[PDB]
Structure formats: structure tokens, C-alpha cells
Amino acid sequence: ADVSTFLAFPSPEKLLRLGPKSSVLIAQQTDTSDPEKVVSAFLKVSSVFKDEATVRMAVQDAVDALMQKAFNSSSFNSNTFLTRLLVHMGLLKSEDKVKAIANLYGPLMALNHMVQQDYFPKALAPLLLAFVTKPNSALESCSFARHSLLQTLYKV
């Protein structure tokens, strides 16, 4: 109900006010067969990332929720998801037109957590690596998130 209202206008405030169950409320709310829809969810969540433990964990958990419920479906193509992610992050071109996004800080932080998670499809790592390495102004606009994610990806 109000979970819906959060997704259209994401804030670190709105997210916390969904209470302790938010990760599940999110994971249920979204269609987890559809990479594009999972991507849309994932970004909306990651956007509100802050480095302070409450919001951090409330994001990281919500991502873990969403992503574990996708990768376990055979109905979910990881490569399509990763591809569609890259396109929305603006790292890869697409035939369709997407509104791309100012800050990659959150997405990057979210990704940094998701990758060292067990449920993560390790075969996706090198791909993700190649587009994080690839020059991008926006990637440059948070160097630290980028670098700590790269550093995580090297370890696999």
C-alpha cells in the first residue's frame, strides 16, 4: 500500500517508515520474473543509500531480499538483468531510450554488497567488472564507491 508510494518517490525516510519488514514487502511487491522490473526496483532502492548503519542495512537487506528471490527462479535471466542494469546506470547503450541518473553512489554501494553475497551468480562478475572499469563521467563522480566495488570484484 504505502510501499507502493515509496517506489514512485524513493527516500531514505519513506524506506525506514515501512518498518522492520520492508525488505520482504519490497520483494513481494515487485515482479521477480521480469529483469527490467527487478532492475527498476533495485535502482529505486539503492538510490536512497546512506553510509549510516541504519539506512545502509535497511538498503542492503532490501537488495538481498529482492535479489535472492530472482536468481532462484529459472524464469529469471541473469544476463538480461545485468545488461538492463548497465543500460540504466548509463554504462551501456540501448535501442530504447532510458532516463539515466545523476548519482551512481547508491547503486554502486548496493552492488558492492550484492556481489560478495553467496546468492550472487559469480559468472556475472567479469561482465560487471568490465563496465565498472570502462570510463564514465558518472562513475568518476563517485570514485570511492567505484573503487571499493572494483576491489571487491577483483577478489573473485
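Residue numbers run from 1 along the displayed sequence. Here the rigid core means the biggest group of C-alpha atoms that line up within 1.5 Å when the two forms are laid on top of each other.
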Exercise for the section: State which stretch is farther from the displayed form on average in 6 other deposited structures of this protein, 94 to 102 or 108 to 116, counting RMS CA distance after fitting on the rigid core. Expected result: 94 to 102
Practice task
With the rigid core held as the alignment frame, decide whether 145 to 153 or 2 to 10 lies farther from the shown form in 6 other deposited structures of this protein, in terms of RMS C-alpha distance.
Solution key: 2 to 10
Handout entry: Segment of higher mean CA temperature factor, 82 to 90 or 68 to 76
Key = 68 to 76
Handout entry: Greater mean Cα temperature factor according to the PDB record, 45 to 53 or 126 to 134
Key = 45 to 53
Problem - Member of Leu104, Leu111, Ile26, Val38 with the greatest C-alpha B factor (per the PDB record) - result: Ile26
Exercise for the section: Could you tell me which third, lowest, middle or highest, the C-alpha B-factor of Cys142 occupies within its chain? Expected result: middle
